[PDB]
Structures are given as C-alpha cells and as structure tokens.
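Taking it in order: structure first as structure tokens, then the write-up.
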Amino acid sequence: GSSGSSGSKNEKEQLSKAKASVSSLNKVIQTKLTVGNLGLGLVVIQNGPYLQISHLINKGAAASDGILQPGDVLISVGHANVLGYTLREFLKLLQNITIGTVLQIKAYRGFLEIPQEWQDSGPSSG
C-alpha cells in the first residue's frame with residue numbers, strides 16, 4: 001500500500017534538528033490568477049478552519065504563479081470570504097467561476113504549518 005513515518009528511528013534513517021529564534025516577520029501573499037479553461041483546480045485539503053493548499057494543478061493558473069505556493073491559507077478567494085470555507089465548499093465555489101476571471105487570492109505564507117505526513121517525495125538531497 002503506502003508508508004508514513006518520521007525521522008529519529010532505530011533503523012537506516014536520517015535525524016537532525018532545525019530550530020531557530022525567529023518570529024518577527026509577517027508577510028501576506030496576494031496575486032491574481034487567470035482562471036483557465038478548467039480553472040485553477042489546486043489540490044487543496046481540509047486543514048483546520050481554513051483551506052490549506054496541498055498541491056497546484058499544473059494545468060491551471062496557480063500552478064503557473066510562482067507567488068502562490070501549495071501550503072498557504074486563503075482568506076478571500078474571488079471576493080468570496082473563504083476564510084471559514086470548508087473543503088467541500090471551496091470547491092463548489094471556485095467551480096461556479098467562469099474562464100478568464102480576475103480574482104484576488106489572499107493567502108498567508110506563515111499562518112498554518114504544513115503536515116509533514118503529506119509530503120513524501122521532497123526535492124531529495126542525497
């Protein structure tokens with residue numbers, strides 16, 4: 001089937017620390033995506049009271065926007081306060097959108113952390 005574990009183990013694995021003393025920088029991301037024929041079908045998931053993007057549809061607008069990344073927190077997608085929008089709603093919302101629609105996608109790049117469990121195939125180091 002599939003696997004799911006973390007570092008620090010009693011076998012051939014990798015473990016290390018990555019702490020820091022930072023926490024004085026708050027920047028918000030906001031860009032206009034050009035709804036494509038299929039419309040930004042970003043593969044977002046349901047993480048908390050907010051919709052946290054998990055993946056962007058290559059054949060979409062977001063995927064073509066180096067600004068928006070798979071792991072933010074939208075707070076107003078298309079004049080539609082998606083702040084408290086569910087995963088089942090966020091989809092039924094962006095679906096009722098038409099091609100070629102300029103919308104303001106405001107997301108946070110430091111609000112909701114990303115679940116490591118999800119990420120399995122990273123950029124690889126070794």
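Residue names in the structure tokens use chain letters A, B, ... in the order shown, residue numbers from 1 in each chain, and ligand numbers from 1 in the order shown.
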
Taking the chain letters and numbering used in this document, name the residues of chain A that DSSP puts in strand (DSSP E or B), as a PyMOL selection string.
chain A and resi 28-34+44-47+50-53+73-77+102-108

Please run DSSP on the backbone and report, as a PyMOL selection string, all residues within chain A that come out as alpha helix (DSSP H).
chain A and resi 87-94

Mind checking which residues fall within 7 Å of residue 61 of chain A, counting only C-alpha atoms, ignoring those fewer than 5 positions away in the same chain, and posting them as a PyMOL selection string?
chain A and resi 33-36+40

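Compared by their closest atoms to residue 97 of chain A, and using only C-alpha atoms, the residues A:122, A:110, A:62, A:39 rank with A:39 nearest.
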
Report as a ChimeraX atom specification all protein, DNA and RNA residues lying within 10 Å of segment 15-32 of chain A, evaluated on only C-alpha atoms, omitting residues in the same chain fewer than 3 positions from it.
/A:6-9,35,61-62,65-69,72-78,101-111

May I ask for the distance between atom CA of residue 4 of chain A and atom CA of residue 46 of chain A, given in Å to one decimal place?
18.9 Å

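For the pair atom CA of residue 54 of chain A and atom CA of residue 117 of chain A, the interatomic distance is 11.6 Å.
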
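When only C-alpha atoms are used to compute distances to residue 95 of chain A, the closest of the residues A:60, A:41, A:123, A:70 turns out to be A:41.
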
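The space separating atom CA of residue 53 of chain A from atom CA of residue 37 of chain A comes to 20.4 Å.
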
Given only C-alpha atoms as the counted atoms, nearest of A:63, A:14, A:38, A:51 to residue 89 of chain A
A:51

Would you mind listing what lies within 10 Å of residue 91 of chain A as number ranges by chain, with only C-alpha atoms counted and same-chain residues fewer than 6 positions away left out?
A: 41-44, 85

Dump as a PDB file, in the first residue's frame, selection limited to C-alpha atoms:
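Final output, result.pdb:
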ATOM      1  CA  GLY A  41      -8.104  23.162  -9.718  1.00  0.00           C
ATOM      2  CA  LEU A  42      -5.478  23.454  -6.991  1.00  0.00           C
ATOM      3  CA  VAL A  43      -5.489  20.228  -4.976  1.00  0.00           C
ATOM      4  CA  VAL A  44      -6.236  21.861  -1.623  1.00  0.00           C
ATOM      5  CA  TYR A  85     -14.925  27.882   3.867  1.00  0.00           C
TER       6      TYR A  85
END

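Distance annotation: of A:124, A:47, A:64, A:5, the residue with the minimal separation from residue 86 of chain A is A:47; atom set is only C-alpha atoms.
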